[PDB]
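Residue numbers (the authors' numbering), protein chains in the order written: chain B, 7 to 328, 344 to 477, 495 to 602; chain A, 7 to 328, 344 to 477, 496 to 606. Note that beta-carbon positions come from the ideal geometry of N, C-alpha and C, so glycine has one too.
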Amino acid sequence: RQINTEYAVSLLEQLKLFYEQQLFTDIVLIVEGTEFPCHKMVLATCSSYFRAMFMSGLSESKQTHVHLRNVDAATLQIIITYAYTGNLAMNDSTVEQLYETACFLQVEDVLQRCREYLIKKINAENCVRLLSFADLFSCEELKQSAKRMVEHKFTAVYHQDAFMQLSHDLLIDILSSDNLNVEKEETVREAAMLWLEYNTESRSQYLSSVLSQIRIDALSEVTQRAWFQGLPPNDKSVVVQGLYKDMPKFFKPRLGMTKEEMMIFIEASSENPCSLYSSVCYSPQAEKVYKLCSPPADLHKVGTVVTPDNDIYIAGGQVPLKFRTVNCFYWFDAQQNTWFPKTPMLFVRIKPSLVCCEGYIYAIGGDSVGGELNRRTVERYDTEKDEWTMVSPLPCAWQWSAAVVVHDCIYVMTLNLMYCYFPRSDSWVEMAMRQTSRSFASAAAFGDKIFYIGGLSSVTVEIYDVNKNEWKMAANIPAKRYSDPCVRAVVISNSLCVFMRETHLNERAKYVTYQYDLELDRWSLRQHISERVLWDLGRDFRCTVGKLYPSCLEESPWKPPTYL
Amino acid sequence: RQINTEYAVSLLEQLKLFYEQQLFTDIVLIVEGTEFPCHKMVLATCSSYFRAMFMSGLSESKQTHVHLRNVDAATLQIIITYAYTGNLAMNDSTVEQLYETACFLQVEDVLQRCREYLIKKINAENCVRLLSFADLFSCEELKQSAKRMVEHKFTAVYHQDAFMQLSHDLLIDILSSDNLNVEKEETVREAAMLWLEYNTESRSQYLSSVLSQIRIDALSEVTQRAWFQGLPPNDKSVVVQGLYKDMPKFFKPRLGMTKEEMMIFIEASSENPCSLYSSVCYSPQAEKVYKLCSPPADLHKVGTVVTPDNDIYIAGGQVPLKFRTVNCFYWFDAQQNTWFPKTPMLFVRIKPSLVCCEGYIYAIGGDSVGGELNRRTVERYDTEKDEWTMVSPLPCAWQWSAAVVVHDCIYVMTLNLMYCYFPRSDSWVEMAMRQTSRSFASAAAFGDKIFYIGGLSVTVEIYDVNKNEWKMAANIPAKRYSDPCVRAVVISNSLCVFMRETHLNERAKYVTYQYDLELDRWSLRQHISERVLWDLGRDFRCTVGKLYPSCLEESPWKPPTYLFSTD
Numbered sequence: 007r008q009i010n011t012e013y014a015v016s017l018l019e020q021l022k023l024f025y026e027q028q029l030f031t032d033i034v035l036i037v038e039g040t041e042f043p044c045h046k047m048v049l050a051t052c053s054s055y056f057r058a059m060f061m062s063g064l065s066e067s068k069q070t071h072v073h074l075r076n077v078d079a080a081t082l083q084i085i086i087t088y089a090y091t092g093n094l095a096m097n098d099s100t101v102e103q104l105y106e107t108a109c110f111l112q113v114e115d116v117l118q119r120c121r122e123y124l125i126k127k128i129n130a131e132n133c134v135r136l137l138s139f140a141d142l143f144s145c146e147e148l149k150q151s152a153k154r155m156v157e158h159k160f161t162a163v164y165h166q167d168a169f170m171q172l173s174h175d176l177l178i179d180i181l182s183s184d185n186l187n188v189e190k191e192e193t194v195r196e197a198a199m200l201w202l203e204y205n206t207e208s209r210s211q212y213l214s215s216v217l218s219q220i221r222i223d224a225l226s227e228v229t230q231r232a233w234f235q236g237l238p239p240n241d242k243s244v245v246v247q248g249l250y251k252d253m254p255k256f257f258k259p260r261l262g263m264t265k266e267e268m269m270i271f272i273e274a275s276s277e278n279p280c281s282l283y284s285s286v287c288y289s290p291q292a293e294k295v296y297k298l299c300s301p302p303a304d305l306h307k308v309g310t311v312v313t314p315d316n317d318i319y320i321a322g323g324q325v326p327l328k344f345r346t347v348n349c350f351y352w353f354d355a356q357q358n359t360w361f362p363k364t365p366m367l368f369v370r371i372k373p374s375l376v377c378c379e380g381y382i383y384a385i386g387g388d389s390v391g392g393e394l395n396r397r398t399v400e401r402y403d404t405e406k407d408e409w410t411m412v413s414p415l416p417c418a419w420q421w422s423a424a425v426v427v428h429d430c431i432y433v434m435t436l437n438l439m440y441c442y443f444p445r446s447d448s449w450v451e452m453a454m455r456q457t458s459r460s461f462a463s464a465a466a467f468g469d470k471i472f473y474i475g476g477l495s496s497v498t499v500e501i502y503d504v505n506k507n508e509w510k511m512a513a514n515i516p517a518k519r520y521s522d523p524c525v526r527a528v529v530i531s532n533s534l535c536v537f538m539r540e541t542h543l544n545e546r547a548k549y550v551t552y553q554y555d556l557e558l559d560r561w562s563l564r565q566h567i568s569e570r571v572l573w574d575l576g577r578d579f580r581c582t583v584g585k586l587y588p589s590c591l592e593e594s595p596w597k598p599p600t601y602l
Numbered sequence: 007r008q009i010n011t012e013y014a015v016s017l018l019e020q021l022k023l024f025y026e027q028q029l030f031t032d033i034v035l036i037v038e039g040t041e042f043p044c045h046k047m048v049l050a051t052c053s054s055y056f057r058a059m060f061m062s063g064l065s066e067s068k069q070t071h072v073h074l075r076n077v078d079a080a081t082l083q084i085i086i087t088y089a090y091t092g093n094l095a096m097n098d099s100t101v102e103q104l105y106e107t108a109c110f111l112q113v114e115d116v117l118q119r120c121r122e123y124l125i126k127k128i129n130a131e132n133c134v135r136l137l138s139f140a141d142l143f144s145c146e147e148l149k150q151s152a153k154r155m156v157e158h159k160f161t162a163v164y165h166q167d168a169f170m171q172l173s174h175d176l177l178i179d180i181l182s183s184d185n186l187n188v189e190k191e192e193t194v195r196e197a198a199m200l201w202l203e204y205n206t207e208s209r210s211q212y213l214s215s216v217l218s219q220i221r222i223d224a225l226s227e228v229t230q231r232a233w234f235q236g237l238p239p240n241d242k243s244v245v246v247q248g249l250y251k252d253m254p255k256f257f258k259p260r261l262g263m264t265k266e267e268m269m270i271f272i273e274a275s276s277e278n279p280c281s282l283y284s285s286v287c288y289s290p291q292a293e294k295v296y297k298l299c300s301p302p303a304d305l306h307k308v309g310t311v312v313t314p315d316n317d318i319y320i321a322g323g324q325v326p327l328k344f345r346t347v348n349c350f351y352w353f354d355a356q357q358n359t360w361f362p363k364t365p366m367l368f369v370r371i372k373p374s375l376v377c378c379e380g381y382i383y384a385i386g387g388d389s390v391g392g393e394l395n396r397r398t399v400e401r402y403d404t405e406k407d408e409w410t411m412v413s414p415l416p417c418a419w420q421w422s423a424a425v426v427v428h429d430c431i432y433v434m435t436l437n438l439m440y441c442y443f444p445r446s447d448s449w450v451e452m453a454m455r456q457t458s459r460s461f462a463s464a465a466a467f468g469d470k471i472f473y474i475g476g477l496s497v498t499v500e501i502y503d504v505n506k507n508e509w510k511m512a513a514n515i516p517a518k519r520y521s522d523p524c525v526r527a528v529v530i531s532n533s534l535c536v537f538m539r540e541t542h543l544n545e546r547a548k549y550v551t552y553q554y555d556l557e558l559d560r561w562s563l564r565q566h567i568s569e570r571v572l573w574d575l576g577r578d579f580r581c582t583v584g585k586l587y588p589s590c591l592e593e594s595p596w597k598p599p600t601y602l603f604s605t606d
């Protein structure tokens with residue numbers, strides 16, 4: 007027999023009614039002059055510290071006045087409020103002080119909630135501060151989560167003041183870890199140089215430990231440029247996933263050095279009978295296909311986005327109704358190969374046009390909810406504040422639209438029109454209209470030209503100029519006649535390309551990528567996507583450009599060759 | 007924001023864990039030598055007594071040992087268990103002492119739970135004791151319920167020892183009530199006499215108050231026996247619903263002198279658009295139809311059963327899908358026209374064959390065929406223990422079977438076979454088979470003769504309990520080219536059949552016939568016109584019982600004549 011529930015919820019609120027009117031007050035806690043009368047029974051059930059001080063049978067259990075030092079009055083009131091109600095009202099301003107008060111009082115409930123709250127709030131401005139906070143209080147869960155964040159953005163957080171004030175042990179494990187996301191070893195060297203000169207009188211004795219952690223005789227990728235680039239086409243990538251593997255871990259190339267630009271395909275068909283919307287990526291350099299996990303747990307019709315800072319996110323989508346639309350939002354971990362969750366959106370969405378502009382992520386379109394109220398729903402997200410905010414909606418409600426960013430400007434395109442959003446003005450300005458009405462097309466950005474390619495699709499290519507505000511035809515995608523190419527515009531190696539999947543009559547899917555000539559207005563054959571890999575991915579697949587860790591992701595083509 | 011629930015239950019289970027190991031025990035209650043360590047806060051939050059004792063700021067809030075007298079140790083332990091858990095384990099053996107202990111500590115929750123438990127547990131044995139208990143402890147709801155129960159079965163409970171030990175106020179408030187279910191005032195007179203002679207030395211001064219409450223010059227239904235019975239056919243019931251109403255309440259005929267034998271029709275198709283599955287009753291002596299609020303949960307497919315003590319019950323059936346089958350058991354209050362639910366059945370049933378045998382009501386079949394041993398199950402209810410007991414199940418799975426009781430024996434009939442059950446042996450015995458295989462037939466018990474009438496084609500088949508032989512009697516006079524529908528019921532100590540016949544291009548006709556057992560002939564008894572009656576459908580269940588028309592219900596719902604023969 008389980009204990010009563012409606013009686014427990016009534017006994018708890020009856021205790022609060024007595025606490026507010028100060029009945030049965032047997033102990034008075036004195037903290038920096040402020041008095042807080044409470045019950046010895048309630049504090050023991052919530053905090054094990056009071057349970058130990060009251061059950062000891064000493065004068066602390068007999069004296070009504072107990073002086074608690076090094077405890078904030080504001081945090082103590084929150085602990086007592088949680089002891090009589092059970093709801094913890096945490097905020098990013100007083101979470102670090104509440105955790106210090108909770109661990110000093112050893113509250114299993116508050117410590118667990120404050121721990122998971124800090125983990126899901128690790129950004130790029132508090133990573134270093136929370137790392138020293140975790141080491142000071144010995145939180146192995148927060149320390150590991152904060153350390154991985156430092157390793158992911160080490161080249162961007164080593165300028166903060168919190169980095170030069172780190173302890174000696176907090177430095178020896180960061181520099182020795184091979185997860186530093188750095189393109190060159192000089193960045194790690196200079197990061198160690200600025201740390202020792204911050205406080206020379208106290209760190210002059212640690213000069214030997216600093217140089218012993220920075221790899222100087224490593225010579226990761228400066229050796230390949232020395233001899234030559236002579237290899238099969240762009241096989242410098244095979245060395246990245248080979249030499250880096252077998253090494254004494256003292257001269258290993260750091261994880262940042264181990265990076266490869268891969269065409270990220272999300273919601274693709276699965277070779278094995280499974281979640282029909284799988285996620286795999288292809289490396290144009292190593293010509294290899296690596297598999298990606300889907301913690302989204304069968305998300306469908308989702309959007310993609312890649313920031314200039316090489317960050318990957320997904321938003322919106324639909325999950326199978328135990344299909345229902347949700348407002349989920351997940352960030353991909355380039356090292357752990359997962360999909361952590363982040364502050365959800367305000368409105369549920371399906372395939373929103375996610376774009377990054379001036380560090381902000383914008384969710385455009387995405388399954389219009391409430392046609393009577395508004396259909397052109399759009400909202401922005403703050404990377405650090407971790408909050409969502411509504412903005413000026415689209416001037417009209419459209420479907421299957423695309424969104425791009427050029428020169429800190431948000432461009433949304435539709436059937437034949439285009440509107441430009443200015444975050445500095447929070448308004449929409451109609452731009453030059455398109456000559457052809459096309460839908461379901463692909464959009465890309467390169468330099469000062471916006472490309473709206475594909476659409477009904496066709497091989498028609500439109501080149502728009504931001505400086506001239508003109509739409510003009512340049513060329514047609516060279517494809518075989520009577521074919522059905524589902525094209526996707528992608529920019530790689532500082533050059534616009536088209537990932538064209540061609541399916542012909544009675545023929546299987548053929549993948550191939552071409553390179554466009556900007557000066558000659560021509561399309562050159564860049565690379566044929568080997569059919570010994572990259573199985574059929576369907577047509578509704580989403581694609582984007584990003585860099586991932588060949589060193590560590592999930593190398594599994596699983597495509598049996600020697601066929602027919 | 008609402009108060010958290012999981013944190014509340016976690017705190018409660020942690021407090022229970024601390025109480026089991028005796029942590030932070032600040033008060034020690036001493037009851038008849040037994041010690042109980044406990045917390046003052048829990049006793050204050052639960053009981054208003056301890057709250058007032060602790061918030062007074064006297065030595066009671068400072069002294070750790072508090073001596074509580076006139077409190078049972080087991081009841082105090084149960085109260086503490088409820089305070090630390092929230093569940094109350096009540097039983098019919100220690101409910102009164104628990105209620106007494108609760109009324110001393112004013113545990114609102116425990117008081118209300120014990121009150122409603124005592125209310126739902128008034129049977130035909132504890133009524134007087136519970137009435138005295140409620141009078142001593144001033145519980146108005148329990149007092150009123152026990153008073154109504156005593157008024158319902160006064161002639162059956164005035165022999166109990168608890169009735170002679172009642173106080174003066176209880177006697178003068180029971181005897182003065184016009185709800186005494188007694189057929190003659192001599193019963194109440196003898197009850198008052200035995201009450202006053204039970205303890206003469208203490209009640210010799212109350213003889214005047216005793217004699218002032220018994221109606222002597224009433225002469226309710228003897229005056230009609232003096233002059234004559236000369237009236238329209240059996241119009242004595244008219245005198246009942248007229249003289250009894252307008253009366254100074256001192257010479258009022260008691261409620262027991264008002265009950266009339268009426269044909270109880272349940273699930274009778276109704277013209278009412280909202281309740282088309284209502285129930286109405288017809289009085290053959292009054293030639294009048296009365297409305298019933300029978301459906302307690304707007305359900306149907308429930309059986310009927312009338313004990314020889316004139317008690318109505320319905321069980322089984324299914325409520326519309328909010344058609345989920347249920348187990349609720351409802352007893353009809355003939356005075357308030359409202360059904361009080363009872364202990365639900367163990368297995369759900371649809372139109373169960375409910376019959377009264379040796380004071381027990383047996384549920385026989387009445388369910389869709391599911392499982393060999395899972396179906397054919399028979400279960401009986403205990404009127405006083407308020408529990409269901411399983412018995413020997415049916416030998417074979419049957420459909421549209423009837424059940425009767427003769428000489429305290431159970432009989433169920435089927436297509437062509439027949440099985441007799443004996444509660445003393447708890448076994449099934451196949452009896453004399455019938456020459457015809459029929460279904461949907463109606464059966465009624467009249468003496469040592471079982472009458473199996475129906476078939477869906497009518498033939499009157501007589502079975503002899505003493506001879507175990509089936510003999511043919513007759514065929515119910517009716518019409519083939521039309522629509523027949525018979526309901527065999529025994530009323531006025533005579534077998535009858537209420538036959539509903541729908542003729543070609545004509546509405547349903549109603550008429551009651553009387554059968555002669557000796558001459559083996561069916562005689563026309565009384566034609567039931569549609570003056571206050573209407574189409575009652577075909578799936579309606581029928582039975583015979585005595586009810587008070589005085590305060591049952593008054594609604595014609597049918598204009599007598601409607602002939603626009605003006606032309």
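Taking buried to mean at least 16 other C-beta atoms within 10 Å of its own C-beta, is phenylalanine 256 of chain A buried or exposed?
Along the second sequence, one-based indexing puts residue 256 of chain A at 250. The Cβ neighbour count for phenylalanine 256 of chain A, taken over all protein chains shown within 10 Å, is under 16; the residue is labelled exposed.
If you scan the segment 436–460 of chain B from start to end, which runs of the beta strand (DSSP E) of 3 or more residues do you find wholly inside it?
The segment 436–460 of chain B contains, as complete beta strand (DSSP E) runs of 3+ residues, the segments 439–443, 448–451 (chain order).
Return no unless some Cβ of chain B is closer than 8 angstroms to the Cβ of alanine 14 of chain A.
For the purposes of this step, residue 14 of chain A is taken as residue 8 along the second sequence, with counting starting at 1. It does: the Cβ of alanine 14 of chain A has a partner Cβ on chain B nearer than 8 angstroms.
CA-to-CA distance, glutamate 293 of chain A to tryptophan 596 of chain A, given in whole angstroms
By one-based count along the second sequence, residue 596 of chain A stands at place 557. By one-based count along the second sequence, residue 293 of chain A stands at place 287. Roughly 15 angstroms separates the two Cα atoms.
Between the segment 26–50 of chain B and chain A, which residues of the former have a C-beta closer than 9 angstroms to a C-beta of the latter?
Cβ contacts with chain A: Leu29, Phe30, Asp32, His45, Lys46, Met47, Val48, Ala50.
Who are the Cβ neighbours of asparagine 358 of chain A in its own chain at under 8 angstroms, not counting the five residues just before and after it?
As a working note, residue 358 of chain A is residue 337 in the second sequence. Residues of the same chain with a CB within less than 8 angstroms of the CB of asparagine 358 of chain A, apart from the 5 flanking positions on each side, are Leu298, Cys299, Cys590, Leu591, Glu592 in chain order.
Would you give the residue range spanned by the beta strand (DSSP E) that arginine 564 of chain A belongs to?
The residue you call residue 564 of chain A lines up with position 525 of the second sequence. That run of the beta strand (DSSP E) goes 560–567.
Compare the C-beta of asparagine 93 of chain B with all C-beta atoms of chain A and state if any pair is closer than 8 angstroms.
Stepping through the first sequence from its first residue, residue 93 of chain B is reached at position 87. For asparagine 93 of chain B, the answer is yes, since a Cβ of chain A falls inside 8 angstroms of its Cβ.
Host beta strand (DSSP E) of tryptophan 201 of chain B (start-end)
Looking up residue 201 of chain B in the first sequence gives position 195. It is not in any beta strand (DSSP E) - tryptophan 201 of chain B instead sits in the alpha helix (DSSP H) that spans 191–202.
Close beta carbons around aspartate 469 of chain B, own chain, < 8 angstroms, minus the five adjacent residues each side:
For the purposes of this step, residue 469 of chain B is taken as the residue at position 448 of the first sequence. If we look at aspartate 469 of chain B and ignore the five residues flanking it on each side, its Cβ neighbours are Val427, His428, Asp503, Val504, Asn505.
Are the beta-carbon atoms of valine 77 of chain A and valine 37 of chain A separated by less than 8 angstroms?
Here residue 77 of chain A is taken as the residue at index 71 of the second sequence, counted from 1. Here residue 37 of chain A is taken as the residue at index 31 of the second sequence, counted from 1. For the pair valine 77 of chain A and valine 37 of chain A, the CB atoms are nearer than the 8 angstroms cut-off.
Helix, strand or coil, according to DSSP, for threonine 551 of chain A in the structure here?
Against the second sequence, residue 551 of chain A aligns to sequence position 512. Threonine 551 of chain A: strand per DSSP, three-state reduction.
DSSP has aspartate 241 of chain B in a bridge; who is on the other side?
Translated into the one-based positions of the first sequence, residue 241 of chain B becomes position 235. Residue pairing for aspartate 241 of chain B: DSSP places it in no beta bridge.
So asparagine 10 of chain A contacts chain B; which residues on that side make the cut at Cβ distance below 9 angstroms?
Numbered from its first residue, the second sequence carries residue 10 of chain A at position 4. What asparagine 10 of chain A touches in chain B: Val15, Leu18, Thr91, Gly92, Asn93.
Does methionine 434 of chain B have its Cβ less than 8 angstroms from a Cβ in chain A?
On the first sequence, position 413 is the one that residue 434 of chain B refers to. At a cut-off of 8 angstroms between C-beta atoms, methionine 434 of chain B does not count as an interface residue with respect to chain A.
Per-residue burial, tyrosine 601 of chain A [other beta carbons within 10 Å of its own, 16 or more giving buried]:
Within the second sequence, the letter at position 562 stands for residue 601 of chain A. Flag for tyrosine 601 of chain A reads exposed.
Using a beta-carbon distance cut-off of less than 7 angstroms, what residues from the segment 64–88 of chain A approach chain B?
The segment 64–88 of chain A vs chain B, Cβ under 7 angstroms: nothing.
Interface flag, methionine 439 of chain A vs chain B, CB-CB below 8 angstroms:
Sequence index remark: in the second sequence, residue 439 of chain A carries index 418 (1-based). With 8 angstroms as the cut-off, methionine 439 of chain A does not count as an interface residue toward chain B.
Which of the three DSSP states, helix, strand or coil, is assigned to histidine 45 of chain B?
As a working mapping, residue 45 of chain B is identified with position 39 in the first sequence. In the three-state reduction of the DSSP assignment, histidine 45 of chain B falls in the coil class.
Tell me the start and end of each unbroken beta strand (DSSP E) in the segment 267–294 of chain A that is at least 3 residues and wholly inside, in chain order.
Uninterrupted beta strand (DSSP E) stretches at least 3 residues long and entirely within the segment 267–294 of chain A occur at 285–289, given in chain order.
State whether the segment 347–363 of chain A contacts the segment 385–396 of chain A, with contact taken as three or more CB pairs (one from each stretch) at a distance under 8 angstroms.
Contact fails: fewer than three Cβ-Cβ distances are below 8 angstroms.
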